[PDB]
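Enquirer: Quick one: structure below, then a few questions.
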Amino acid sequence: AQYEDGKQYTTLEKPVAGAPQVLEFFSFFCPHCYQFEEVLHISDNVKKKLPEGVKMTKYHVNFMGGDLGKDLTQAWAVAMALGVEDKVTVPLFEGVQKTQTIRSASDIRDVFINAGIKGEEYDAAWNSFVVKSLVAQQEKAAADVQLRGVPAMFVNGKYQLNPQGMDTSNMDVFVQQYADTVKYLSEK
């Protein structure tokens, strides 16, 4: 058929109960994730096609970058708690990978300050149990899908996107197929 198990996607042998409809894992330390988000714009192209009543969820991972990697997971939890994901995603990617001016937790906080988040609000979120729970939630999600690498995307807790089985030629053909595959899976 057009979409095939083992080609554009694979199937989790242990489906995850109560998973987000569309779940992406990434790291701000991850060069392929920089390409995915900031060059290919995969998440944006995916959302542009999703059926309505279907939302996209994005979680950070700890396993790249040591202390700073975990700080970034905690900052992403802050972004989710404050609802400022779309304001910090680009400057966090650029601070870690382009400028490489993000080398400490304080450097992450500066990005939020500069994007208009008040300091007291950032600090209250950073230190909150609501954020500690959000960090745990991201970690648990990674365990549930038995995550092995990033970037990664899972649909309805059952299907895993397999970009290795898509076309690499035209970046845009690649991106369109990826996005088309997510849409197909969402209705499956």
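Labeling convention for the structure tokens: chains A, B, ... as they appear, residues from 1 per chain, ligands from 1 in order of appearance.
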Residues within 12 Å of residue A:38, please, as an MDAnalysis selection string. Count only C-alpha atoms; anything in the same chain fewer than 2 positions from it doesn't count.
Expert: chainID A and resid 28 30:36 40:45 89:94 97:98
Enquirer: As a PyMOL selection string, please: every residue in chain A that DSSP puts in helix (DSSP H, G or I).
Expert: chain A and resi 31-39+42-47+66-82+85-98+105-114+119-126+129-144+163-165+171-186
Enquirer: Which polymer residues have any atom within 8 Å of an atom of stretch 47-57 of chain A, counting only C-alpha atoms, with same-chain residues fewer than 4 positions away left out, as an NGL selection string?
Expert: :A and (20-24 or 43 or 179-180 or 182-183 or 186-187)
Enquirer: How would the residues just picked look written out with N, CA, C and O atoms as a PDB file, in the first residue's frame?
Expert:
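Result saved to part-v1.pdb:
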ATOM      1  N   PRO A  20      -0.220  11.242  24.597  1.00  0.00           N
ATOM      2  CA  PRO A  20      -0.634  12.358  23.741  1.00  0.00           C
ATOM      3  C   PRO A  20      -0.899  11.865  22.314  1.00  0.00           C
ATOM      4  O   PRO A  20      -0.230  10.927  21.878  1.00  0.00           O
ATOM      5  N   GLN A  21      -1.868  12.461  21.623  1.00  0.00           N
ATOM      6  CA  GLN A  21      -2.213  12.069  20.250  1.00  0.00           C
ATOM      7  C   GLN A  21      -1.010  12.085  19.298  1.00  0.00           C
ATOM      8  O   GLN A  21      -0.818  11.170  18.504  1.00  0.00           O
ATOM      9  N   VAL A  22      -0.237  13.161  19.348  1.00  0.00           N
ATOM     10  CA  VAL A  22       0.981  13.282  18.552  1.00  0.00           C
ATOM     11  C   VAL A  22       2.073  13.737  19.505  1.00  0.00           C
ATOM     12  O   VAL A  22       1.963  14.811  20.092  1.00  0.00           O
ATOM     13  N   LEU A  23       3.101  12.909  19.678  1.00  0.00           N
ATOM     14  CA  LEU A  23       4.124  13.155  20.685  1.00  0.00           C
ATOM     15  C   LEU A  23       5.518  13.158  20.071  1.00  0.00           C
ATOM     16  O   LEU A  23       5.998  12.131  19.590  1.00  0.00           O
ATOM     17  N   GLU A  24       6.169  14.315  20.107  1.00  0.00           N
ATOM     18  CA  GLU A  24       7.534  14.446  19.616  1.00  0.00           C
ATOM     19  C   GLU A  24       8.531  14.530  20.765  1.00  0.00           C
ATOM     20  O   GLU A  24       8.268  15.192  21.761  1.00  0.00           O
ATOM     21  N   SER A  43       7.612  19.861  12.819  1.00  0.00           N
ATOM     22  CA  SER A  43       6.472  19.964  13.728  1.00  0.00           C
ATOM     23  C   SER A  43       5.418  20.921  13.171  1.00  0.00           C
ATOM     24  O   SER A  43       4.215  20.642  13.237  1.00  0.00           O
ATOM     25  N   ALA A 179       5.004  14.612   7.257  1.00  0.00           N
ATOM     26  CA  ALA A 179       3.774  15.251   7.703  1.00  0.00           C
ATOM     27  C   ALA A 179       2.544  14.452   7.248  1.00  0.00           C
ATOM     28  O   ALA A 179       1.612  14.253   8.042  1.00  0.00           O
ATOM     29  N   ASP A 180       2.550  13.998   5.990  1.00  0.00           N
ATOM     30  CA  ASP A 180       1.468  13.148   5.453  1.00  0.00           C
ATOM     31  C   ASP A 180       1.351  11.843   6.237  1.00  0.00           C
ATOM     32  O   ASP A 180       0.246  11.339   6.458  1.00  0.00           O
ATOM     33  N   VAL A 182       2.203  11.346   9.477  1.00  0.00           N
ATOM     34  CA  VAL A 182       1.577  11.649  10.769  1.00  0.00           C
ATOM     35  C   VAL A 182       0.061  11.754  10.616  1.00  0.00           C
ATOM     36  O   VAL A 182      -0.687  11.195  11.433  1.00  0.00           O
ATOM     37  N   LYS A 183      -0.391  12.468   9.582  1.00  0.00           N
ATOM     38  CA  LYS A 183      -1.828  12.620   9.354  1.00  0.00           C
ATOM     39  C   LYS A 183      -2.499  11.262   9.158  1.00  0.00           C
ATOM     40  O   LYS A 183      -3.535  10.985   9.762  1.00  0.00           O
ATOM     41  N   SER A 186      -2.739   9.421  12.442  1.00  0.00           N
ATOM     42  CA  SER A 186      -3.657  10.032  13.399  1.00  0.00           C
ATOM     43  C   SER A 186      -5.080   9.497  13.222  1.00  0.00           C
ATOM     44  O   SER A 186      -5.852   9.453  14.177  1.00  0.00           O
ATOM     45  N   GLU A 187      -5.427   9.127  11.992  1.00  0.00           N
ATOM     46  CA  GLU A 187      -6.765   8.644  11.671  1.00  0.00           C
ATOM     47  C   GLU A 187      -6.847   7.125  11.684  1.00  0.00           C
ATOM     48  O   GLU A 187      -7.892   6.556  11.353  1.00  0.00           O
TER      49      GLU A 187
END
Enquirer: Could you state the separation of atom CA of residue A:78 and atom CA of residue A:125 in Å, given to one decimal place?
Expert: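 Distance between the two atoms: 5.7 Å.
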Enquirer: Would you give me, as JSON lines, each residue of stretch 111-152 of chain A having an atom within 10 Å of an atom of stretch 160-172 of chain A, along with its shortest atom pair and that distance in Å to one decimal, using only C-alpha atoms and sorting by chain and residue number?
Expert:
{"residue": "A:145", "atom": "CA", "partner": "A:160", "partner_atom": "CA", "distance": 8.9}
{"residue": "A:151", "atom": "CA", "partner": "A:163", "partner_atom": "CA", "distance": 9.9}
{"residue": "A:152", "atom": "CA", "partner": "A:161", "partner_atom": "CA", "distance": 7.0}
Enquirer: Could the residues in this selection be saved with C-alpha atoms as a PDB file, in the first residue's frame?
Expert:
ATOM      1  CA  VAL A 145       7.838   4.451  24.274  1.00  0.00           C
ATOM      2  CA  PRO A 151      14.256  13.362  17.183  1.00  0.00           C
ATOM      3  CA  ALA A 152      11.319  10.976  17.404  1.00  0.00           C
TER       4      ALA A 152
END
Enquirer: With only C-alpha atoms as the atoms that count, which of A:118, A:103, A:87, A:132 lies nearest to residue A:73?
Expert: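 Checking each candidate against residue A:73, we get A:132 as the closest.
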Enquirer: Report as CSV: every residue of stretch 95-146 of chain A with an atom at most 8 Å from stretch 61-68 of chain A, its closest pair of atoms, and their distance in Å to one decimal, counting only C-alpha atoms, with rows sorted by chain and ascending residue number.
Expert:
residue,atom,partner,partner_atom,distance
A:103,CA,A:68,CA,7.0
A:104,CA,A:68,CA,6.2
A:105,CA,A:68,CA,6.8
A:138,CA,A:61,CA,7.2
A:139,CA,A:61,CA,7.1
A:142,CA,A:61,CA,7.6
Enquirer: Go ahead and save the picked residues with N, CA and C atoms, as a CSV table (one decimal), in the first residue's frame.
Expert:
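Output file selection-v7.csv is given in full below:
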chain,number,residue,atom,x,y,z
A,103,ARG,N,25.5,27.9,28.2
A,103,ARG,CA,26.4,26.9,28.8
A,103,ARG,C,26.1,26.6,30.3
A,104,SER,N,25.1,27.3,30.8
A,104,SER,CA,24.6,27.1,32.2
A,104,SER,C,23.1,27.4,32.3
A,105,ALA,N,22.6,27.0,33.5
A,105,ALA,CA,21.2,27.2,33.8
A,105,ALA,C,20.8,28.7,33.7
A,138,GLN,N,7.8,14.0,31.3
A,138,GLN,CA,8.6,13.9,30.0
A,138,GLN,C,9.5,12.6,30.1
A,139,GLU,N,10.1,12.4,31.3
A,139,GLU,CA,11.0,11.3,31.5
A,139,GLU,C,10.2,10.0,31.4
A,142,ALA,N,9.3,9.0,27.8
A,142,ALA,CA,10.4,8.5,27.2
A,142,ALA,C,10.6,7.0,27.5
Enquirer: With distances taken over only C-alpha atoms, which residue among A:26, A:159, A:178, A:184 lies nearest residue A:11?
Expert: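 Closest candidate: A:159.
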Enquirer: Using DSSP on the backbone coordinates, identify the residues of chain A assigned to strand (DSSP E); present them as a VMD selection string.
Expert: chain A and resid 9 to 11 22 to 26 56 to 60 152 to 155 159 to 161
Enquirer: Using N, CA and C atoms, can you export the residues from the last selection as a PDB file, in the first residue's frame?
Expert:
ATOM      1  N   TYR A   9       6.605   4.055   8.900  1.00  0.00           N
ATOM      2  CA  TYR A   9       6.312   4.005  10.320  1.00  0.00           C
ATOM      3  C   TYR A   9       6.526   2.579  10.801  1.00  0.00           C
ATOM      4  N   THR A  10       6.665   2.426  12.117  1.00  0.00           N
ATOM      5  CA  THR A  10       6.676   1.129  12.770  1.00  0.00           C
ATOM      6  C   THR A  10       5.640   1.115  13.875  1.00  0.00           C
ATOM      7  N   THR A  11       5.370  -0.077  14.402  1.00  0.00           N
ATOM      8  CA  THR A  11       4.336  -0.228  15.414  1.00  0.00           C
ATOM      9  C   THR A  11       4.928  -0.694  16.742  1.00  0.00           C
ATOM     10  N   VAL A  22      -0.237  13.161  19.348  1.00  0.00           N
ATOM     11  CA  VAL A  22       0.981  13.282  18.552  1.00  0.00           C
ATOM     12  C   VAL A  22       2.073  13.737  19.505  1.00  0.00           C
ATOM     13  N   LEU A  23       3.101  12.909  19.678  1.00  0.00           N
ATOM     14  CA  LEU A  23       4.124  13.155  20.685  1.00  0.00           C
ATOM     15  C   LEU A  23       5.518  13.158  20.071  1.00  0.00           C
ATOM     16  N   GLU A  24       6.169  14.315  20.107  1.00  0.00           N
ATOM     17  CA  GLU A  24       7.534  14.446  19.616  1.00  0.00           C
ATOM     18  C   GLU A  24       8.531  14.530  20.765  1.00  0.00           C
ATOM     19  N   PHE A  25       9.661  13.849  20.626  1.00  0.00           N
ATOM     20  CA  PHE A  25      10.759  13.970  21.585  1.00  0.00           C
ATOM     21  C   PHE A  25      11.902  14.667  20.886  1.00  0.00           C
ATOM     22  N   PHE A  26      12.577  15.559  21.600  1.00  0.00           N
ATOM     23  CA  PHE A  26      13.713  16.260  21.027  1.00  0.00           C
ATOM     24  C   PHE A  26      14.684  16.671  22.121  1.00  0.00           C
ATOM     25  N   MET A  56      -0.685  18.529  19.055  1.00  0.00           N
ATOM     26  CA  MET A  56       0.701  18.092  19.084  1.00  0.00           C
ATOM     27  C   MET A  56       1.421  18.410  20.405  1.00  0.00           C
ATOM     28  N   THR A  57       2.088  17.404  20.953  1.00  0.00           N
ATOM     29  CA  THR A  57       2.821  17.559  22.199  1.00  0.00           C
ATOM     30  C   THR A  57       4.304  17.335  21.955  1.00  0.00           C
ATOM     31  N   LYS A  58       5.132  18.157  22.585  1.00  0.00           N
ATOM     32  CA  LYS A  58       6.566  18.105  22.368  1.00  0.00           C
ATOM     33  C   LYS A  58       7.286  17.995  23.721  1.00  0.00           C
ATOM     34  N   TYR A  59       8.058  16.923  23.934  1.00  0.00           N
ATOM     35  CA  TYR A  59       8.819  16.739  25.182  1.00  0.00           C
ATOM     36  C   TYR A  59      10.316  16.778  24.935  1.00  0.00           C
ATOM     37  N   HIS A  60      11.048  17.322  25.900  1.00  0.00           N
ATOM     38  CA  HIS A  60      12.500  17.367  25.853  1.00  0.00           C
ATOM     39  C   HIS A  60      13.077  16.096  26.481  1.00  0.00           C
ATOM     40  N   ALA A 152      12.218  12.109  17.568  1.00  0.00           N
ATOM     41  CA  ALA A 152      11.319  10.976  17.404  1.00  0.00           C
ATOM     42  C   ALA A 152       9.890  11.461  17.521  1.00  0.00           C
ATOM     43  N   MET A 153       8.967  10.771  16.858  1.00  0.00           N
ATOM     44  CA  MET A 153       7.562  11.133  16.971  1.00  0.00           C
ATOM     45  C   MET A 153       6.703   9.887  17.037  1.00  0.00           C
ATOM     46  N   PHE A 154       5.732   9.909  17.938  1.00  0.00           N
ATOM     47  CA  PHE A 154       4.827   8.782  18.158  1.00  0.00           C
ATOM     48  C   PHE A 154       3.389   9.243  18.028  1.00  0.00           C
ATOM     49  N   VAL A 155       2.542   8.416  17.415  1.00  0.00           N
ATOM     50  CA  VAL A 155       1.150   8.784  17.208  1.00  0.00           C
ATOM     51  C   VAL A 155       0.178   7.831  17.922  1.00  0.00           C
ATOM     52  N   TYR A 159       2.115   4.106  17.119  1.00  0.00           N
ATOM     53  CA  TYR A 159       2.938   4.103  15.910  1.00  0.00           C
ATOM     54  C   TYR A 159       4.104   5.068  16.013  1.00  0.00           C
ATOM     55  N   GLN A 160       5.262   4.648  15.514  1.00  0.00           N
ATOM     56  CA  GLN A 160       6.467   5.466  15.548  1.00  0.00           C
ATOM     57  C   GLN A 160       6.875   5.871  14.148  1.00  0.00           C
ATOM     58  N   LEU A 161       7.063   7.168  13.934  1.00  0.00           N
ATOM     59  CA  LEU A 161       7.508   7.650  12.627  1.00  0.00           C
ATOM     60  C   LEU A 161       8.872   7.059  12.298  1.00  0.00           C
TER      61      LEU A 161
END
Enquirer: Can you tell me, as a PyMOL selection string, what residues are no more than 12 Å from residue A:112 when counting only C-alpha atoms, ignoring any on the same chain fewer than 4 positions away?
Expert: chain A and resi 75-76+78-79+82-92+95+105-108+116-123+125-126
Enquirer: Considering only C-alpha atoms, state which residue in the set A:27, A:13, A:6, A:128 is at the smallest distance from residue A:150.
Expert: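 For residue A:150, the nearest of the candidates is A:27.
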Enquirer: What separation in Å, quoted to one decimal, exists between atom CA of residue A:156 and atom CA of residue A:19?
Expert: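 We find that atom CA of residue A:156 and atom CA of residue A:19 lie 6.2 Å from each other.
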Enquirer: Between atom CA of residue A:134 and atom CA of residue A:70, what is the distance, to one decimal in Å?
Expert: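 Between atom CA of residue A:134 and atom CA of residue A:70 the gap works out to 12.5 Å.
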